[PDB]
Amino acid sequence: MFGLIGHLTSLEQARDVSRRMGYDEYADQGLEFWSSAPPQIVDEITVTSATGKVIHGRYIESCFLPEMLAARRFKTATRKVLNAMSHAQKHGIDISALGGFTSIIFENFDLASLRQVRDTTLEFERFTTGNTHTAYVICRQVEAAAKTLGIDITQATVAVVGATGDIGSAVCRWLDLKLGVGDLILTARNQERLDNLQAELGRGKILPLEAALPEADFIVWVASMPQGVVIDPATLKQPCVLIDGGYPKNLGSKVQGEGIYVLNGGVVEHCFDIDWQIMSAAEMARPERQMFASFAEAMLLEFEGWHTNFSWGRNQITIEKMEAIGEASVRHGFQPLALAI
């Protein structure tokens, strides 16, 4: 029994998804209702591997919305994360992925300190951030879009928007040793964390977001933005490939022009239809097959029996683990999403 803990993009989506599920009363509500709503199991998932093993899962709705962060409700955001984790334990779920912003909030607000929730001690070995697999699929996506478009990755410039992050730091180590990328551009908010990542890698230049975009052939977005920014194609190079692995999209508009190739990053595709309705709402290109990579990690751990906090913390991913999880990802039927054409 694996678990997928998740949330929505916007109040608008919560309105629509509520009415799609048939609850007309829920869609009427403002931010206040969602700030006091409890977590629900809203979907039961059965998945078949390519080896033939069958596993079963559940999807937990946390009722977090990124609006709560802009509205400085850090109090509420934290409750939603802890109630959802507590909820999944009470139901005896053996390993759960913290999808989207739930893993962010957990680290950013030192929620390892508050592990007593309702008097039930949270067994951290029952949860994963899913970030290891996300970092792998993003690296495999950069490699794969390089060949599709006739780009030689080893002499190309790649910017990592969120490079000091959990996923961003891992992508940089893989793009450094495993793919021998030409140049590495590092972008973030904090300066101390960027300085040590340059010291660890022994390479890469640090630039702001305004200065890094025009100099990048590949742009990899892995930043924890609540909102998402508006980028004009005139600022970018031609050709430009944008891999947008953020939730919600770090691109607040569909960036389209001559030489601009946008790939929805961090997504994987299974070879067998999946029994569910949840990825339908998430605007997946093919919702019965595709899903987010961090959700796929929970399935992977469950296929293998690695009941543990495989991805945890921040800056702890290694290449050895990305390789391991990637082996298991291929072997069970999962493939990175490619450029649409």
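For every residue, the number given is its place in the sequence shown, counted from 1.
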- Message: Please compare 279 to 287 with 305 to 313 and name the stretch with the higher mean C-alpha B-factor in the deposited structure.
- Response: 279 to 287
- Which has higher Cα B-factors on average according to the PDB entry: 254 to 262 or 218 to 226? 254 to 262
- Going by the CA temperature factor in the entry, name the top one among 158, 268, 171, 231. 231
- From the list 194, 146, 111, 243, select the residue with the highest C-alpha B factor recorded in the entry. 194
- Message: What third of the chain does residue 210 rank in for C-alpha temperature factor, lowest, middle or highest?
- Response: highest
- Lowest, middle or highest third of the chain for the C-alpha temperature factor of residue 321? middle
- Note on the structure: Chain-relative C-alpha B factor for residue 338 (record values, thirds): the middle
- For residue 181, return the chain-relative third of its C-alpha B-factor as stated in the PDB record: lowest, middle or highest. highest
- Compare the C-alpha B factor of residue 26 with those of the other modelled residues in its chain, then answer lowest, middle or highest third. highest
